[PDB]
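Taking it in order: structure first as structure tokens, then the write-up.
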Amino acid sequence: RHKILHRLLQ
Amino acid sequence: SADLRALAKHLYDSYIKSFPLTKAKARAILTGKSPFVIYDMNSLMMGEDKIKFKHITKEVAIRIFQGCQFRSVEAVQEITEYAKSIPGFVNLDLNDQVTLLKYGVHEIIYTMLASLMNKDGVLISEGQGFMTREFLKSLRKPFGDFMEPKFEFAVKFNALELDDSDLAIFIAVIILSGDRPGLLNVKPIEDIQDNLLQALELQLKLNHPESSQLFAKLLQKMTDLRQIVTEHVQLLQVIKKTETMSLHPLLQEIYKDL
Ligand SMILES: CC[C@@H](NC(=O)c1ccc2c(c1)nc(C)n2Cc1ccc(Cl)c(Cl)c1)c1ccccc1
């Protein structure tokens with residue numbers, strides 16, 4: 001749903 | 001007491017590790033190897049390489065717009081690493097974290113943008129360039145009023161004379177905002193925000209003992225940031241309905257249902 005933000009938080 | 005001090009120095013050090021151009025550095029430049037100044041069409045052409053842009057390879061305003069877009073993607077990245085440093089942020093549910101950052105970034109981007117501004121223009125390219133307020137104002141509609149509101153806020157905000165050890169906490173407060181639409185577990189966010197708002201309060205009491213009602217003045221500003229975002233989003237709507245203009249997907253991910 002917010003893929004880039006997720007991967008920035010991972 | 002000493003907890004809130006240890007948290008102040010923690011965020012200040014994270015801030016320094018996370019953001020490469022700080023108010024300290026920007027101010028040195030703005031009051032000083034001078035920046036290249038872009039003040040008109042021909043100086044934009046002469047200084048185009050100052051504007052950081054990586055791509056495959058067309059109107060003047062679109063290129064500025066693209067430039068700002070390019071750099072915002074990177075500010076988002078910076079802010080994210082910073083949030084990951086605010087104690088307990090990483091321990092929240094990973095869907096809330098995304099929402100806080102989602103609505104948080106514009107407010108933060110415009111707060112820090114003030115650091116690079118004075119009444120006449122804004123630093124670009126990590127201080128390598130200076131683009132004048134007047135030049136931006138001259139760009140054809142609707143790009144003539146893209147930056148102006150930001151300059152209007154900056155001047156007001158800069159008059160508070162905040163430094164980096166102050167903005168470090170102010171910025172952390174904004175991220176941990178409790179009224180972001182669609183938040184699942186609201187309680188833990190507000191606990192930390194309450195704990196950061198008290199830290200901010202002490203930080204302004206020691207660092208600025210003369211300027212009365214600064215904390216007051218500082219929370220008030222945090223309401224205008226939201227107004228500036230509102231105007232911005234509304235202006236993006238106009239651009240999106242008349243131009244042919246393209247938005248980065250990290251940005252699109254932030255603007256969708258905002
Ligand atoms: C939050 C996204 C939003 N970003 C901005 O409004 C914006 C504008 C100027 C900025 C900025 C962020 N960051 C900085 C250092 N500057 C100074 C600045 C001013 C002029 C130039 Cl040419 C450049 Cl490269 C940088 C956005 C969205 C869609 C489209 C374009 C923008």
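Residue numbering restarts at 1 in every chain; chains get A, B, ... in the order shown in the structure tokens, and ligands count up from 1 in that same order.
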
* Taking the DSSP assignment computed from this structure's backbone, write out as a PyMOL selection string all residues of chain A that belong to alpha helix (DSSP H). => chain A and resi 3-9

Write to file, as a CSV table (one decimal), in the first residue's frame, the residues of the selection just made, with C-alpha atoms.
```csv
chain,number,residue,atom,x,y,z
A,3,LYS,CA,5.9,0.1,-0.7
A,4,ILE,CA,8.7,2.6,-1.0
A,5,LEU,CA,8.1,4.0,2.5
A,6,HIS,CA,8.0,0.5,3.9
A,7,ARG,CA,11.4,-0.4,2.3
A,8,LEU,CA,12.8,2.9,3.7
A,9,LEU,CA,11.7,1.8,7.1
```

* To do: Enumerate residues in contact with ligand 1: an atom-to-atom distance of at most 6 Å, counting only C-alpha atoms and all ligand atoms. Format the result as a PyMOL selection string.
  => chain B and resi 51+64-65+67-69+71-72+106+113+124

Once you have the residues from the selection above, write them out as a PDB file, in the first residue's frame, restricted to N, CA and C atoms.
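again_4.pdb, written as the output of this step:
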```pdb
ATOM      1  N   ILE B  51      22.024  22.750 -10.075  1.00  0.00           N
ATOM      2  CA  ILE B  51      20.830  21.969  -9.780  1.00  0.00           C
ATOM      3  C   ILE B  51      21.065  20.442  -9.934  1.00  0.00           C
ATOM      4  N   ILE B  64      12.848  23.592 -12.798  1.00  0.00           N
ATOM      5  CA  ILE B  64      12.861  23.964 -11.389  1.00  0.00           C
ATOM      6  C   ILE B  64      11.964  23.022 -10.577  1.00  0.00           C
ATOM      7  N   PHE B  65      10.737  22.824 -11.055  1.00  0.00           N
ATOM      8  CA  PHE B  65       9.759  21.938 -10.429  1.00  0.00           C
ATOM      9  C   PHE B  65      10.326  20.524 -10.278  1.00  0.00           C
ATOM     10  N   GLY B  67      13.494  19.797 -10.272  1.00  0.00           N
ATOM     11  CA  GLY B  67      14.627  19.924  -9.363  1.00  0.00           C
ATOM     12  C   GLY B  67      14.182  19.779  -7.926  1.00  0.00           C
ATOM     13  N   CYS B  68      13.163  20.556  -7.539  1.00  0.00           N
ATOM     14  CA  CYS B  68      12.601  20.543  -6.186  1.00  0.00           C
ATOM     15  C   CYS B  68      12.064  19.165  -5.831  1.00  0.00           C
ATOM     16  N   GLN B  69      11.422  18.554  -6.817  1.00  0.00           N
ATOM     17  CA  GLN B  69      10.927  17.197  -6.717  1.00  0.00           C
ATOM     18  C   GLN B  69      12.099  16.257  -6.465  1.00  0.00           C
ATOM     19  N   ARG B  71      15.038  16.738  -5.161  1.00  0.00           N
ATOM     20  CA  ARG B  71      15.590  16.914  -3.845  1.00  0.00           C
ATOM     21  C   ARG B  71      14.628  16.495  -2.743  1.00  0.00           C
ATOM     22  N   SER B  72      13.321  16.639  -2.958  1.00  0.00           N
ATOM     23  CA  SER B  72      12.369  16.237  -1.924  1.00  0.00           C
ATOM     24  C   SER B  72      12.444  14.729  -1.672  1.00  0.00           C
ATOM     25  N   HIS B 106       6.051  16.728   4.776  1.00  0.00           N
ATOM     26  CA  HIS B 106       5.853  18.057   4.204  1.00  0.00           C
ATOM     27  C   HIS B 106       6.096  19.133   5.251  1.00  0.00           C
ATOM     28  N   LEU B 113      13.466  23.716   5.228  1.00  0.00           N
ATOM     29  CA  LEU B 113      13.616  24.659   4.102  1.00  0.00           C
ATOM     30  C   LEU B 113      13.849  26.117   4.540  1.00  0.00           C
ATOM     31  N   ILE B 124      20.331  26.324  -2.930  1.00  0.00           N
ATOM     32  CA  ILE B 124      20.029  25.110  -3.676  1.00  0.00           C
ATOM     33  C   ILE B 124      21.320  24.319  -3.760  1.00  0.00           C
TER      34      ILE B 124
END
```

Would you kindly report the residues of chain B within 8 Å of chain A, using only C-alpha atoms, as a CSV table (one decimal) with N, CA and C atoms, in the first residue's frame?
```csv
chain,number,residue,atom,x,y,z
B,77,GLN,N,14.0,10.6,2.4
B,77,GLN,CA,15.0,9.6,2.8
B,77,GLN,C,15.7,10.0,4.1
B,80,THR,N,13.3,9.9,7.2
B,80,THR,CA,13.0,8.6,7.6
B,80,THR,C,14.1,8.0,8.5
B,81,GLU,N,15.4,8.1,8.1
B,81,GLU,CA,16.5,7.7,8.9
B,81,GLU,C,16.5,8.3,10.3
B,84,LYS,N,13.6,6.9,12.6
B,84,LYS,CA,14.1,5.6,13.1
B,84,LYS,C,15.0,5.8,14.3
B,94,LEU,N,4.2,-1.0,12.4
B,94,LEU,CA,4.9,-0.6,11.2
B,94,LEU,C,4.0,0.1,10.1
B,98,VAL,N,4.5,4.4,9.0
B,98,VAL,CA,4.3,4.9,7.6
B,98,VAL,C,3.4,6.1,7.5
B,250,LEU,N,7.8,7.8,-5.0
B,250,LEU,CA,7.9,8.1,-3.6
B,250,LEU,C,7.0,9.2,-3.2
B,253,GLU,N,3.3,8.3,-3.6
B,253,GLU,CA,3.0,7.4,-2.5
B,253,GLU,C,2.6,8.2,-1.3
```

* So what do you get for atom CA of residue B:166 versus atom CA of residue B:11, distance-wise? ->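 Atom CA of residue B:11 lies 9.5 Å from atom CA of residue B:166.
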
* Structure fact -> Using only C-alpha atoms, the residue out of B:55, B:156, B:226, B:248 with shortest distance to residue B:108 is B:226

* Just how far from atom CA of residue B:102 is atom CA of residue B:254, in Å to one decimal? ->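 Atom CA of residue B:102 lies 5.5 Å from atom CA of residue B:254.
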
* With a distance cut-off of 12 Å and only C-alpha atoms, select the neighbouring residues of residue B:183, excluding the residue or stretch itself and same-chain residues fewer than 2 positions from it, and output the selection as a ChimeraX atom specification. => /B:92-103,176-181,185-190

Let's have the selection written as a compact mmCIF listing (two decimals), in the first residue's frame, with N, CA, C and O atoms.
```txt
# COMPACT_ATOMS: atom_id res chain seq x y z
N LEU B 92 6.79 1.14 17.43
CA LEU B 92 5.39 1.29 17.04
C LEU B 92 5.06 0.25 15.99
O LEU B 92 5.96 -0.33 15.38
N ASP B 93 3.77 0.01 15.77
CA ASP B 93 3.34 -0.84 14.67
C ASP B 93 3.78 -0.18 13.36
O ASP B 93 3.71 1.04 13.23
N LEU B 94 4.22 -1.01 12.42
CA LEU B 94 4.91 -0.56 11.19
C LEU B 94 3.99 0.08 10.14
O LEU B 94 4.47 0.57 9.10
N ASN B 95 2.68 0.07 10.39
CA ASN B 95 1.70 0.78 9.56
C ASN B 95 1.49 2.23 10.02
O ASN B 95 1.20 3.12 9.20
N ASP B 96 1.63 2.46 11.33
CA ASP B 96 1.52 3.80 11.93
C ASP B 96 2.74 4.64 11.57
O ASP B 96 2.62 5.79 11.13
N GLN B 97 3.91 4.04 11.78
CA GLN B 97 5.19 4.60 11.33
C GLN B 97 5.09 5.19 9.93
O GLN B 97 5.56 6.31 9.68
N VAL B 98 4.47 4.44 9.01
CA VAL B 98 4.31 4.88 7.62
C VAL B 98 3.37 6.09 7.54
O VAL B 98 3.61 7.00 6.76
N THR B 99 2.32 6.11 8.35
CA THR B 99 1.37 7.22 8.33
C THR B 99 1.96 8.51 8.93
O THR B 99 1.75 9.60 8.41
N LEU B 100 2.70 8.36 10.03
CA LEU B 100 3.37 9.48 10.67
C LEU B 100 4.32 10.15 9.70
O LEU B 100 4.30 11.38 9.55
N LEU B 101 5.15 9.34 9.04
CA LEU B 101 6.06 9.84 8.02
C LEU B 101 5.28 10.39 6.83
O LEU B 101 5.64 11.42 6.28
N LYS B 102 4.20 9.71 6.44
CA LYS B 102 3.39 10.18 5.31
C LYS B 102 2.95 11.64 5.45
O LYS B 102 3.17 12.44 4.55
N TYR B 103 2.34 11.99 6.59
CA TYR B 103 1.84 13.35 6.83
C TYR B 103 2.90 14.25 7.46
O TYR B 103 2.79 15.49 7.41
N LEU B 176 5.82 12.53 15.52
CA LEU B 176 4.99 11.87 16.50
C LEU B 176 3.66 12.61 16.74
O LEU B 176 3.18 12.68 17.88
N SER B 177 3.05 13.14 15.68
CA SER B 177 1.76 13.86 15.79
C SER B 177 0.60 12.88 15.96
O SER B 177 0.47 11.93 15.18
N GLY B 178 -0.25 13.13 16.95
CA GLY B 178 -1.29 12.18 17.35
C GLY B 178 -2.58 12.18 16.55
O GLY B 178 -3.34 11.22 16.61
N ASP B 179 -2.82 13.25 15.79
CA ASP B 179 -4.08 13.42 15.06
C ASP B 179 -3.99 13.13 13.55
O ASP B 179 -4.82 13.60 12.76
N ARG B 180 -2.97 12.37 13.15
CA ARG B 180 -2.84 11.97 11.76
C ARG B 180 -3.98 11.02 11.39
O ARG B 180 -4.19 10.01 12.08
N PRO B 181 -4.72 11.36 10.32
CA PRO B 181 -5.88 10.53 9.92
C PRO B 181 -5.50 9.07 9.54
O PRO B 181 -4.58 8.85 8.70
N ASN B 185 -3.15 2.64 16.67
CA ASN B 185 -2.97 2.79 18.11
C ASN B 185 -2.42 4.18 18.45
O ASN B 185 -1.21 4.41 18.41
N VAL B 186 -3.35 5.10 18.77
CA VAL B 186 -3.04 6.53 18.96
C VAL B 186 -2.31 6.82 20.29
O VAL B 186 -1.45 7.70 20.35
N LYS B 187 -2.64 6.06 21.34
CA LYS B 187 -2.08 6.29 22.68
C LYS B 187 -0.53 6.35 22.75
O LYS B 187 0.01 7.35 23.25
N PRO B 188 0.19 5.32 22.25
CA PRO B 188 1.65 5.31 22.39
C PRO B 188 2.37 6.46 21.68
O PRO B 188 3.41 6.93 22.16
N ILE B 189 1.81 6.92 20.56
CA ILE B 189 2.38 8.05 19.81
C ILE B 189 2.33 9.34 20.63
O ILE B 189 3.32 10.06 20.72
N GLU B 190 1.18 9.60 21.25
CA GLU B 190 0.95 10.81 22.04
C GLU B 190 1.77 10.83 23.33
O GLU B 190 2.15 11.90 23.81
```
